[PDB]
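Shown next as structure tokens: one chain only, the form deposited in one PDB entry.
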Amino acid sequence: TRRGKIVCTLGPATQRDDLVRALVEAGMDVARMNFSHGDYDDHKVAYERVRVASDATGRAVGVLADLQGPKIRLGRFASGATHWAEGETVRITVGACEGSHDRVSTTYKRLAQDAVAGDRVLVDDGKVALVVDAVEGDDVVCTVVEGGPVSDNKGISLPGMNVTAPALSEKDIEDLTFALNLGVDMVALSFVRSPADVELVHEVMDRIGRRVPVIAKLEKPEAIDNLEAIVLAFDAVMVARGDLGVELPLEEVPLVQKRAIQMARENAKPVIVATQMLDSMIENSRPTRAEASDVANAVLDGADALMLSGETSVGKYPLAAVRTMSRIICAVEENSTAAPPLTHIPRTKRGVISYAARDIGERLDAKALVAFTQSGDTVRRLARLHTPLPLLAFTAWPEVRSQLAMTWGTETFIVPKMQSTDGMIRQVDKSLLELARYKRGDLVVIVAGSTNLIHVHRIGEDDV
């Protein structure tokens, strides 16, 4: 069964009765609540349906809160929605107004003072393109160059233009607080630009008295220039290909994706690949050949997890998308679970032991390898190795089971806190014997202790 994890985004299409349960049963490992849409009641209902489904099926399911970030968007139109056609002049002003088809506002108040002539403006991730003709006082005058649809509050991106905006907006902080009190397991931050951005998130968490892992979404050039620093300061990364393919040339995105996955893996941080993987399944029951290829290739790149966005949140086939994503992942993994070799050589006790434990397990045909861990850190160092052996984490903290839900190839077990190696072994055999694929005699390799011990153990027997 499947090693690569699947992240699904909740929204309108999953609000109907017991669709969230259906997703979990179909293989969803992490549920993303997108704070760009919906109200707090919406998020709250969805959060609870996930907890119920996780508890009712016994599948681990993380809840991931995605903060909107400093997203730049259009203001409001008189008609609600207009149409921008190849040829037209359009004004985007920092001054407030109830925008009309030719004139409209933005949330970015430094637009006029930061846009220059020749700047490109991409709307809704490249559905409509404009070029800046002039900055007159408080207005940015533009000519539509590729036409299409514009609603209220749709997102625009100005490639190249250096944006000045705080990493967390007022909305974000409110939304972060709400999510932390609600009890989410992880937080993603959009439009991350430097390593210092995590410290702002950390300040808010410390104020409220609760921390969780923070995921940096990579969708900005500055993020890619500081990729290593970012992967080190944050707990995980999401390759956010939607905005990444408008903030950067779309032709560069495929190599950036591979570079980020490798960088994450070398540092034992989870990496998620997002956006448009099975885009066409928003309308169609089967994906395109490129979409199947894209998912297969993200698995071979070595991604911990792949994400569905519109495919589950607003589309007509949320369940089939998840099922289809899962089949592709499985088809690839059945053939081989091999990932790109890592170039870094373990110098840390935990790392060194993890390599060794894999070697032993693989050479001895072990049925599984088992790690005890507090924060998951030892398990993540084993996960990046991409062994075909079942990787089984044992922990006392139950929130850690939810956090490891987005780590490659890993199932987690909650157990009471232990005070002897004898304890650990009895514990393991007990926990594992309750599954049908584990019988007395099965050979496993156990890593334990702050980790400093490898133990080759046959289930049931007294080898300790």
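One rule holds for the numbers: they count along the sequence shown, beginning at 1.
Student: What number of residues from the deposited sequence go unmodelled in the gap from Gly449 to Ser450, classed as none, 1 to 3, 4 to 9, or 10 or more?
Tutor: The entry has a gap there, with 4 to 9 residues left out between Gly449 and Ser450.
Student: Highest mean C-alpha temperature factor of the two stretches 73 to 81 and 150 to 158, which is it?
Tutor: Mean B over CA atoms: larger for 73 to 81.
Student: Mind pulling up the entry and telling me whether 424 to 432 or 26 to 34 has the higher mean Cα temperature factor?
Tutor: It is 424 to 432.
Student: Can you tell me which of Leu176, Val140, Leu248, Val295 has the maximum CA B-factor listed in the PDB entry?
Tutor: Answer for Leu176, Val140, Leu248, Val295: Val140, with the highest C-alpha B-factor.
Student: Of the options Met186, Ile345, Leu382, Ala260, which has the highest CA B factor as deposited?
Tutor: The C-alpha B-factor peaks, among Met186, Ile345, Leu382, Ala260, at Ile345.
Student: Sorting by Cα B-factor within the chain, modelled residues only, which third would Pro398 end up in: lowest, middle or highest?
Tutor: Middle third by C-alpha B-factor.
Student: Compare the C-alpha B factor of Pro254 with those of the other modelled residues in its chain, then answer lowest, middle or highest third.
Tutor: According to the entry, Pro254 has a C-alpha B-factor in the chain's lowest third.
Student: For the chain shown, is the CA B-factor of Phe413 in the lowest, middle or highest third of its modelled residues?
Tutor: Middle third - that is where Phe413 ends up once the chain's C-alpha B-factors are sorted.
Student: Going by what the PDB entry lists, where does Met238 fall on CA B-factor within its chain: lowest, middle or highest third?
Tutor: It belongs to the lowest third of the chain when residues are ordered by C-alpha B-factor.
Student: If you rank the chain by CA B-factor, which third does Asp304 end up in: lowest, middle or highest?
Tutor: Answer is lowest: the recorded C-alpha B-factor places it there.
Another form, the form deposited in another entry, is not on view; read the next lines as being about it.
Student: Considering only the rigid-body turn between this form and the one not shown, which single choice in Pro166, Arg207, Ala134, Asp42 is at the hinge?
Tutor: Where the rigid parts turn against each other between this form and the one not shown, we find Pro166.
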